[PDB]
Amino acid sequence: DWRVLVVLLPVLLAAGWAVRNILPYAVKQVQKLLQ
Amino acid sequence: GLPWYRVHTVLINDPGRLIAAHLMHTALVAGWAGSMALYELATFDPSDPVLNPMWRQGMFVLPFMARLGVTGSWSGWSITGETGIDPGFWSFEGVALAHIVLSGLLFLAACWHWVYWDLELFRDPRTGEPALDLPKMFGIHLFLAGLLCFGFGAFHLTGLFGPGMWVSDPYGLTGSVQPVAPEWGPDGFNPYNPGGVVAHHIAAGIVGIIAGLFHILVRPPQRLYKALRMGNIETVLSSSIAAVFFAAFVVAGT
Amino acid sequence: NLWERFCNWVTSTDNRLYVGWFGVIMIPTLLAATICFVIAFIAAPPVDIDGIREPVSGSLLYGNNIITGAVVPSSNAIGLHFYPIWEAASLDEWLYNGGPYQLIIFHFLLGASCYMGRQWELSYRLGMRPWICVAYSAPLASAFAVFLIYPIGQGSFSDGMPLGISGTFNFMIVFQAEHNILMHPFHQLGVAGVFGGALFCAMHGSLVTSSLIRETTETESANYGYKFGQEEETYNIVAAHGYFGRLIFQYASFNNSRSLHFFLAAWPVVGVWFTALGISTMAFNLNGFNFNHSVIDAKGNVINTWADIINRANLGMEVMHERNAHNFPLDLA
Amino acid sequence: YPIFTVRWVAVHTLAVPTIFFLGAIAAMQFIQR
Amino acid sequence: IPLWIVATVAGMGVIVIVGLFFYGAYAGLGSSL
Amino acid sequence: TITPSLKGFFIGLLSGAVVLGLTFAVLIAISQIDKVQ
Amino acid sequence: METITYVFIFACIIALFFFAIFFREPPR
Amino acid sequence: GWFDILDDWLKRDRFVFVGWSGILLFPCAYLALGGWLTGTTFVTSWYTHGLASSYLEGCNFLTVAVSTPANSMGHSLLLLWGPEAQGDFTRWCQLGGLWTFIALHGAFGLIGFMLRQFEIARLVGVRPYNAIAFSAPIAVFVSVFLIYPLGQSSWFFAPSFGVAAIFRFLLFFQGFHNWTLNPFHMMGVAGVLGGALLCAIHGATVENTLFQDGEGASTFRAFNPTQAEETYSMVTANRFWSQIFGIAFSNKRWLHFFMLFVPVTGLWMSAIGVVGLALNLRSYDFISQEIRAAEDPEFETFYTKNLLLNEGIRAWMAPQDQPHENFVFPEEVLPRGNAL
Amino acid sequence: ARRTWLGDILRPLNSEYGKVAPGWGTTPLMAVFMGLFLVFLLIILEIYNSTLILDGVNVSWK
Amino acid sequence: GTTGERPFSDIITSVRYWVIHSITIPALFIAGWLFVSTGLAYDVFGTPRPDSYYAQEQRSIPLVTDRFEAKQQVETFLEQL
Amino acid sequence: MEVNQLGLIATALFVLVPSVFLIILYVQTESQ
Amino acid sequence: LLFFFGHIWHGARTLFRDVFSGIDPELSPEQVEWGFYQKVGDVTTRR
Amino acid sequence: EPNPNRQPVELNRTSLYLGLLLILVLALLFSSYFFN
Amino acid sequence: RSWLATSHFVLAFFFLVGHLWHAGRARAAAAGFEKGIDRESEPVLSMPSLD
Ligand code: CLA
Ligand code: CLA
Ligand code: CLA
Ligand code: CLA
Ligand SMILES: CC(C)=CCC/C(C)=C/CC/C(C)=C/CC/C(C)=C/CC/C(C)=C/CC/C(C)=C/CC/C(C)=C/CC/C(C)=C/CC/C(C)=C/CC1=CC(=O)C(C)=C(C)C1=O
Ligand SMILES: CCCCCCCCCCCCCCCC(=O)OC[C@H](COP(=O)(O)OC[C@@H](O)CO)OC(=O)CCCCCCCCCCCCCCC
Ligand SMILES: CCCCCCCCCCCCCCCC(=O)OC[C@H](COP(=O)(O)OC[C@@H](O)CO)OC(=O)CCCCCCCCCCCCCCC
Ligand SMILES: CC1=C(/C=C/C(C)=C/C=C/C(C)=C/C=C/C=C(C)/C=C/C=C(C)/C=C/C2=C(C)CCCC2(C)C)C(C)(C)CCC1
Ligand SMILES: CC1=C(/C=C/C(C)=C/C=C/C(C)=C/C=C/C=C(C)/C=C/C=C(C)/C=C/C2=C(C)CCCC2(C)C)C(C)(C)CCC1
Ligand SMILES: [Cl-]
Ligand SMILES: [Cl-]
Ligand SMILES: [Fe+3]
């Protein structure tokens with residue numbers, strides 16, 4: 001119901017926001033790993 | 001010198017004296033069984049199974065002889081109340097005297113194995129050192145266990161060649177030793193169905209025989225031999241104790 | 001000088017037991033309390049602890065075993081009044097009213113207080129650092145709490161902890177009925193102190209035994225690898241820390257032995273200090289948390305919690321402790 | 001330094017719900033019967 | 001960012017949130033009132 | 001026949017087998033990528 | 001007779017204290 | 001081989017070691033701890049006990065509990081997919097399913113932790129006495145949370161996971177089993193308190209017999225973990241306790257083993273006696289005392305007083321502590337002295 | 001050491017000390033049996049526990 | 001020695017961290033808030049609301065009496081509200 | 001006091017048997 | 001219950017027997033130093 | 001031929017004192033229950 | 001009265017601990033071993049043995 005999306009919304013936003021601030025620094029980590 | 005709590009570690013590389021100490025323990029345990037039953041017979045009052053049964057009198061071994069068929073005394077009474085019945089040799093008294101004689105025989109055996117600890121059988125033929133091949137020993141003994149287990153369900157409890165086992169109505173009113181037919185359906189895992197007990201020993205005895213044969217023929221995987229230290233007898237004590245406490249809990253629960 | 005010889009022997013380091021000036025009080029007072037305790041445990045007659053002329057038997061010869069036996073506390077009629085032998089018309093009256101209790105506890109508290117001082121003293125004579133006596137202050141304070149402080153606040157040595165195994169339990173139970181000490185954070189810190197101390201004691205012992213350096217064969221005790229007064233450490237602190245730091249994470253482990261041993265001292269001592277203080281402040285009827293009927297529904301029905309179940313049990317102790325002593329409906333003594 | 005590790009997972013399975021739970025417990029103080 | 005600032009603000013966040021829990025103990029659910 | 005509880009028993013059996021499977025699947029994969037020298 | 005046993009055990013413990021302190025094994 | 005590859009990764013030196021034992025330990029521990037946290041915050045006890053028990057209902061940190069299932073569930077494993085909940089998460093919570101969830105995942109977590117101590121000890125090079133000593137916590141947990149309720153009519157009479165709930169458990173055991181009178185609990189007291197004592201006294205002794213290895217007045221700096229010499233003086237600590245107490249340790253190895261022995265031994269003794277209380281095989285009475293007291297109304301000991309208190313506990317708490325019994329005690333049957 | 005008649009007869013049964021099958025051997029098979037036994041023990045237990053209720057299986061004295 | 005992860009000191013000090021976490025920590029916190037303020041926590045877990053412990057004229061506690069139809073017994077309780 | 005008629009023998013043996021055990025072991029140590 | 005301890009005890013005595021008279025006197029500090037080996041205790045895994 | 005697996009046993013004075021104390025204290029604790 | 005009685009017993013008890021703390025340290029600082037025992041002149045190692 002509507003309450004679930006009300007609750008998950010910040011977390012989704014936070015996760016996406018963190019994903020966007022960390023993304024260049026993560027894909028280099030994985031690239032470094034593939035050796 | 002050795003501390004007090006380590007005196008018995010001198011049997012660790014002495015299979016003969018380890019067998020001797022195991023025989024002495026077996027003598028003492030069977031000695032206890034005969035003692036306990038003699039003591040209970042000397043005190044148990046048989047004149048009324050309704051209001052003064054054995055379990056009101058602190059009887060501890062007596063119900064185990066009855067569980068498996070022993071029900072009567074050389075002096076004429078039966079724990080069910082029926083008079084003029086003949087138990088033959090396997091009375092409560094006969095069971096006790098057998099255990100006393102067994103204890104004595106084991107006692108003499110331990111003396112022999114203790115004095116003759118240094119048997120060529122215990123030595124490793126190519127190195128000269130005391131050695132026990134515990135994986136093959138386990139196959140032999142497991143094969144022996146399945147046989148006796150199978151034999152106990154198929155002959156003793158079926159009645160095919162033995163007395164049966166105690167069984168009774170749901171209110172414990174009219175119980176008696178009776179031959180019992182194996183229950184091979186799923187209701188044989190019902191704890192309150194005697195037929196499951198017959199089926200279990202036949203099936204597990206068979207499984208025990210197969211597995212014993214397997215453990216006699218196939219050597220253990222090298223990786224499992226190193227991980228479990230299969231050349232060290234103490235690993236057997238360890239898994240054995242573990243299996244014994246698993247059993248202790250189950251019988252306490254049931 | 002003759003007084004200087006006496007003082008030289010009182011303070012000697014060559015005595016099998018150290019005497020010292022604290023010991024000049026300790027030895028006689030403890031000996032007095034010990035002799036009177038032994039005699040009263042075996043032989044005392046019944047004592048009228050609740051001052052209602054219903055005497056309570058506590059000695060072996062009067063039908064007690066090691067578990068039920070006690071030196072019974074002195075009468076409630078006495079209260080906080082001092083009651084030595086000479087204040088009584090006869091030994092018979094003294095025994096009936098609880099005399100040996102005061103004699104014993106006052107001599108003992110004096111004797112144990114000087115035991116603490118004796119610990120500072122010999123430590124000073126030996127060139128030691130001095131704080132072992134500070135650790136012993138935590139059980140001493142606890143003894144002070146239940147023999148002296150709690151009687152002061154309640155108003156009678158008759159509420160002191162009986163000198164006996166069952167008497168002790170009668171003290172704990174009545175205490176919980178009256179003060180709810182399970183719900184008091186100072187007893188909770190005491191639990192955290194003795195449980196934690198047990199845990200850490202267990203931990204330190206297993207970790208050091210674990211790191212013992214091989215010096216013996218298998219046919220002998222590992223203990224014979226240590227000789228009294230070797231300069232080399234007998235275990236490997238680095239290996240022990242290597243182990244325990246991996247058990248949790250490395251920064252949750254101790255790599256400094258002095259820092260670890262200080263922690264071993266501080267955790268139980270502080271927690272016992274607080275639990276002494278909990279008895280000492282419940283003596284003045286500042287009680288444990290009271291949550292009775294704390295949760296209510298929208299209509300106003302009480303919605304019990306576990307606190308309200310604790311209360312039903314507290315109530316049942318309450319209305320049965322000192323079952324004849326109350327003539328009025330509030331338990332104010 | 002790597003950014004995501006076994007530690008990373010460990011701190012976030014404890015910490016994410018902790019802050020979430022503190023939030024839920026926060027709002028509970030304003031519930032009136 | 002100096003850690004001593006991070007230490008003080010976190011604790012300050014801790015103290016605030018604890019204070020809110022003790023506060024609720026006198027009001028609303030569980031207040032006896 | 002298959003009673004409701006026996007149906008539940010398989011529900012639990014497969015759930016646990018899925019959980020241990022995903023677990024060991026992911027653990028073997030991580031171990032193949034980030035090996036030791 | 002129970003009293004005698006309780007007091008006897010206590011007394012053996014005191015005697016043990018005495019021997020454990022004054023006739024201990026001397027640490028060298 | 002893939003097994004040796006997975007062994008390589010599980011045994012990697014990280015911040016938080018994993019190991020083979022981690023596959024059992026972490027999910028079970030995390031789920032036990034998460035289940036307790038979940039229930040004390042959100043989950044009631046209104047249908048199992050008639051109790052409130054969550055932050056959401058009004059309880060504080062001392063009164064929240066994951067409470068035991070109602071007596072009527074017997075010893076049901078109370079699995080989510082089992083027959084009582086039938087896969088309904090809401091109803092499972094309302095029926096007490098978090099209790100078994102926590103107790104069972106907790107039990108297996110403790111197995112994982114003890115295996116962890118084994119696993120790390122073998123990799124690091126030390127003897128495994130730390131895992132041996134952890135037997136006592138496991139023995140305690142098994143006897144109190146599994147065996148004891150298995151002995152009784154249901155999981156209901158196990159301890160509920162909560163601070164005040166644990167206190168009630170303590171009080172139930174005094175009023176019903178007279179647990180203080182049991183010598184197996186007495187041996188536990190003596191091992192817990194005697195452990196606290198050994199912890200306090202050994203820490204103080206070392207800190208107050210240190211050698212002077214620095215010039216600072218805070219003496220901690222004067223230790224380097226790689227050093228070879230003892231940091232305190234066993235000779236001096238021995239003379240002190242010899243002259244203060246009568247006896248003193250002289251062997252550092254025996255001293256540290258003794259610190260293992262005492263509290264481990266004592267917890268094991270208290271488990272044994274709890275196993276007895278599973279069967280109501282209590283140390284409740286002394287028959288000699290009851291025979292005297294029944295024939296002599298002037299005989300009164302602290303033992304007979306405690307029994308009056310136990311009887312008061314039982315009658316005053318049972319109607320609400322055992323609500324499945326539908327107990328109704330009219331006022332006049334309640335035991336009580338004068339006035340109160 | 002001491003040769004006896006029964007010794008010489010028993011001799012071969014104690015003569016493969018330390019002999020192992022190479023590598024992992026029959027371990028995978030042991031696992032499949034270990035797994036079946038576990039599923040089996042779990043059925044026994046849930047039938048006694050009355051978590052698993054089967055037709056014709058009435059777990060009771062009756 | 002040091003195992004290999006980035007020190008926690010450098011992390012809660014670094015600017016990138018608090019860029020990320022000044023949003024995430026409040027988000028979860030607000031998420032938790034909404035879980036209770038929407039009343040979702042009540043229905044997920046089945047915990048009664050202050051008006052759902054009894055019916056308007058009842059002091060009897062809805063105790064589960066039967067083991068196997070228990071799921072239905074709880075729901076027969078909720079209906080009487 | 002109406003006590004167990006076997007408590008005396010029980011307590012006496014419970015002390016005596018392990019005590020004599022230890023004494024036996026100690027004295028044969030001191031003779032080596 | 002009591003035998004489970006015996007299992008733990010004798011289990012440990014079996015798996016750890018090479019050090020039950022005490023850990024190695026020559027054991028290198030690098031073995032217990034974090035990060036020094038990529039696999040704990042394996043000496044074939046230095047950085 | 002003598003068995004080579006024999007070993008002398010030892011209990012030192014301290015262990016004797018600790019053990020006598022363990023037994024005496026256990027007796028002192030349990031005798032009450034024995035007498036019941 | 002409760003509030004004042006309980007607080008000042010706590011303060012009093014801790015100040016007695018404070019007295020024991022600083023007293024013993026004062027005595028050891030003045031004598032010169034408040035930092036621990038000199039290895040090269042350990043006092044007990046020069047006293048005779050108790051037995
Ligand atoms: C010669 C054989 C023999 C026989 C026929 C009997 C017969 C009897 N004994 Mg005696 N006894 C014997 C030898 C024998 N005993 C010996 C050698 C000893 C010394 C150890 C004893 C010690 C002893 C005691 C202590 C007691 C008896 C008692 C009894 C009676 C009850 C037995 C019972 O319930 O057992 C039940 C037995 C079991 C449940 C065995 C279970 C075994 C476990 C499950 C083994 C698991 C491992 C196995 C290898 C599994 C793997 C294989 C599998 C896959 C197939 C019965 C009259 C009782 C009595 O009433 O005495 C008066 C009693 O208390 N006996
Ligand atoms: C180490 C991991 C671990 C362990 C030991 C446990 C253990 C347990 N969990 Mg937990 N759990 C875990 C992880 C774990 N859990 C995880 C990661 C989660 C989150 C997803 C959960 C979520 C969870 C829930 C929601 C519940 C449990 C519960 C349980 C209990 C019941 C388990 C059961 O019946 O399994 C049965 C299944 C197996 C043993 C699988 C056997 C697999 C082997 C290899 C055989 C394979 C057979 C094959 C598939 C053929 C099938 C049959 C076919 C021929 C017909 C038990 C105490 C229950 C509980 O506590 O209830 C009170 C419960 O409700 N767990
Ligand atoms: C002087 C007072 C005193 C003392 C010292 C003790 C001492 C003891 N009592 Mg007793 N008791 C007392 C008074 C006392 N009691 C009184 C007056 C009563 C009333 C009659 C009781 C009633 C009572 C009961 C009812 C019980 C005890 C038990 C115990 C034992 C508990 C040991 C323990 O650590 O359990 C603690 C539990 C464990 C160690 C289990 C393992 C726990 C794991 C390791 C925890 C891990 C947590 C994990 C990391 C996450 C936590 C996170 C979370 C905090 C957020 C111990 C011997 C218990 C017992 O005998 O058990 C056998 C028991 O059940 N006592
Ligand atoms: C079948 C089970 C079994 C067997 C064969 C062994 C065998 C052994 N154990 Mg193990 N052990 C077991 C069970 C077993 N243990 C269990 C269940 C426990 C927990 C209680 C332990 C705890 C344990 C420890 C902690 C140690 C051993 C050690 C040993 C070894 C030396 C023992 C010795 O010399 O004792 C000599 C014993 C005495 C001189 C007197 C003991 C008297 C006891 C304390 C009370 C009296 C009991 C009574 C006479 C009979 C009870 C019968 C019945 C209840 C079983 C030996 C290989 C030792 C070891 O590893 O050495 C290297 C060691 O330190 N065991
Ligand atoms: C099924 C699936 C998914 C499987 C996958 C599993 C997988 C790979 C997971 C990876 C990700 C992962 C790890 C997730 C984990 C999630 C997680 C955090 C789970 C943990 C849950 C949980 C309950 C953790 C509890 C942690 C815990 C026990 C913390 C303890 C805190 C605590 C009490 C610390 C006290 C320690 C302390 C004060 C010690 C000093 C006291 C003392 C006396 C020490 C003695 C001492 C110390 C020395 O120092 C040395 C020297 C010596 C001599 C000595 O005496
Ligand atoms: C400064 C605060 C003091 C708090 C009370 C004292 C705590 C330690 C007392 C233990 C005595 C143990 C017996 C001898 C123990 C012993 O011998 O100690 C020895 C140990 C080392 O002594 P040093 O000689 O190096 O230092 C002491 C002085 O010489 C200063 O150099 O002493 C300390 O480290 C004291 C640390 C002071 C800082 C203590 C703070 C800890 C408490 C924090 C608050 C906790 C509150 C909990 C609330 C629930
Ligand atoms: C001011 C004078 C005060 C005197 C107080 C009384 C002192 C008595 C102390 C006990 C002496 C007996 C010790 C025997 C045992 C003995 O001689 O120990 C000697 C032993 C010496 O240890 P070592 O390290 O030298 O042992 C090394 C090797 O021999 C080990 O194999 O001491 C300990 O092990 C400490 C742990 C025992 C702790 C015992 C605590 C005693 C508390 C009393 C409990 C009984 C209560 C009875 C109530 C009725
Ligand atoms: C104290 C106690 C206990 C223990 C007990 C026991 C351990 C016992 C033992 C017992 C026993 C261990 C018994 C035994 C017995 C034996 C016997 C009784 C034997 C007999 C034999 C005989 C008589 C033989 C003879 C002979 C010979 C030698 C030659 C050949 C032939 C003939 C037969 C002639 C318990 C834990 C319960 C706890 C409680 C108390
Ligand atoms: C149940 C379940 C589950 C699980 C879940 C989980 C896993 C959860 C988790 C959760 C969590 C994980 C939570 C957390 C929480 C936390 C909290 C809630 C905290 C709080 C804290 C505080 C409040 C603090 C306090 C303090 C301290 C303690 C210290 C100092 C002082 C102070 C006061 C600050 C699942 C679904 C899977 C399945 C089904 C069942
Ligand atoms: Cl009273
Ligand atoms: Cl009054
Ligand atoms: Fe130490």
# chains A, B, ... in the order shown; residues from 1 in each chain; ligands from 1

call {"tool": "residues_around", "arguments": {"residues": "residue 5 in chain N", "least_positions_apart": "5", "cutoff": "10 Å", "atoms": "only C-alpha atoms", "output": "ChimeraX atom specification"}}
result
/C:153,280-281,283-286 /N:10

call {"tool": "residues_near_ligand", "arguments": {"ligand": "ligand 2", "cutoff": "8 Å", "atoms": "only C-alpha atoms and all ligand atoms", "output": "ChimeraX atom specification"}}
result
/F:9-10,12-20 /H:23-28,31,77-82,97-105,108 /I:35-36,38-39,42

call {"tool": "interface_residues", "arguments": {"of": "chain D", "to": "chain A", "cutoff": "10 Å", "atoms": "only C-alpha atoms", "output": "list in words"}}
result
residues 1, 2, 3, 4, 16 and 20 of chain D

call {"tool": "residues_near_ligand", "arguments": {"ligand": "ligand 11", "cutoff": "12 Å", "atoms": "only C-alpha atoms and all ligand atoms", "output": "list in words"}}
result
residues 50, 51, 52, 322, 323, 324, 325, 326, 327, 328, 329, 330, 331, 332 and 333 of chain C; 337, 338, 339 and 340 of chain H

call {"tool": "residues_near_ligand", "arguments": {"ligand": "ligand 1", "cutoff": "8 Å", "atoms": "only C-alpha atoms and all ligand atoms", "output": "ChimeraX atom specification"}}
result
/B:25-37,60-68,70,92,95-96,99,102-103,141-143,145-147,149-150,201,204-209,211,243-244,247

call {"tool": "decode", "arguments": {"residues": "range 8-32 of chain M", "atoms": "N, CA and C atoms", "output": "short mmCIF file (atom, residue, chain, number, x, y, z; two decimals), in the first residue's frame"}}
result
data_model
loop_
_atom_site.label_atom_id
_atom_site.label_comp_id
_atom_site.auth_asym_id
_atom_site.auth_seq_id
_atom_site.Cartn_x
_atom_site.Cartn_y
_atom_site.Cartn_z
N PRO M 8 55.58 -42.95 36.29
CA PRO M 8 55.26 -42.60 37.68
C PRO M 8 54.21 -41.51 37.76
N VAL M 9 53.46 -41.54 38.84
CA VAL M 9 52.41 -40.57 39.10
C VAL M 9 52.89 -39.62 40.19
N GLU M 10 52.37 -38.39 40.18
CA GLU M 10 52.79 -37.40 41.16
C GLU M 10 51.63 -36.51 41.54
N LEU M 11 51.55 -36.21 42.82
CA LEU M 11 50.67 -35.19 43.37
C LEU M 11 51.50 -34.46 44.40
N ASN M 12 51.77 -33.18 44.17
CA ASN M 12 52.62 -32.41 45.06
C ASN M 12 51.80 -31.86 46.23
N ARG M 13 52.51 -31.31 47.22
CA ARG M 13 51.84 -30.93 48.47
C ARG M 13 50.76 -29.88 48.24
N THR M 14 51.01 -28.92 47.36
CA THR M 14 49.99 -27.92 47.08
C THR M 14 48.73 -28.55 46.51
N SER M 15 48.88 -29.49 45.58
CA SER M 15 47.71 -30.13 44.98
C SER M 15 46.95 -30.95 46.01
N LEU M 16 47.67 -31.64 46.89
CA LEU M 16 47.04 -32.28 48.03
C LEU M 16 46.23 -31.28 48.86
N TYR M 17 46.79 -30.10 49.17
CA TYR M 17 46.04 -29.15 49.99
C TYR M 17 44.84 -28.59 49.24
N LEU M 18 45.01 -28.27 47.96
CA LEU M 18 43.87 -27.79 47.20
C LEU M 18 42.80 -28.86 47.07
N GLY M 19 43.21 -30.12 46.92
CA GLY M 19 42.24 -31.19 46.74
C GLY M 19 41.51 -31.55 48.02
N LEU M 20 42.24 -31.65 49.13
CA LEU M 20 41.58 -31.84 50.42
C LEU M 20 40.59 -30.73 50.70
N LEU M 21 40.92 -29.50 50.31
CA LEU M 21 40.01 -28.38 50.52
C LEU M 21 38.76 -28.51 49.67
N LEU M 22 38.93 -28.90 48.40
CA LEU M 22 37.79 -29.10 47.52
C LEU M 22 36.84 -30.15 48.06
N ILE M 23 37.38 -31.23 48.62
CA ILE M 23 36.53 -32.31 49.11
C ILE M 23 35.85 -31.92 50.42
N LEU M 24 36.62 -31.38 51.37
CA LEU M 24 36.05 -30.92 52.64
C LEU M 24 34.95 -29.90 52.43
N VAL M 25 35.17 -28.92 51.55
CA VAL M 25 34.16 -27.90 51.33
C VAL M 25 32.93 -28.50 50.67
N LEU M 26 33.14 -29.42 49.72
CA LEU M 26 32.01 -30.07 49.06
C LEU M 26 31.22 -30.91 50.04
N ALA M 27 31.91 -31.63 50.91
CA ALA M 27 31.23 -32.34 51.98
C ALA M 27 30.44 -31.38 52.85
N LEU M 28 31.08 -30.30 53.32
CA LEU M 28 30.40 -29.34 54.17
C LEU M 28 29.17 -28.79 53.47
N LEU M 29 29.24 -28.59 52.17
CA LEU M 29 28.06 -28.13 51.45
C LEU M 29 27.01 -29.23 51.30
N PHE M 30 27.41 -30.46 50.95
CA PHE M 30 26.41 -31.46 50.57
C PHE M 30 25.85 -32.26 51.73
N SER M 31 26.57 -32.36 52.85
CA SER M 31 26.11 -33.17 53.98
C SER M 31 24.71 -32.80 54.43
N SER M 32 24.33 -31.53 54.34
CA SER M 32 22.99 -31.16 54.77
C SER M 32 21.94 -31.83 53.91
#
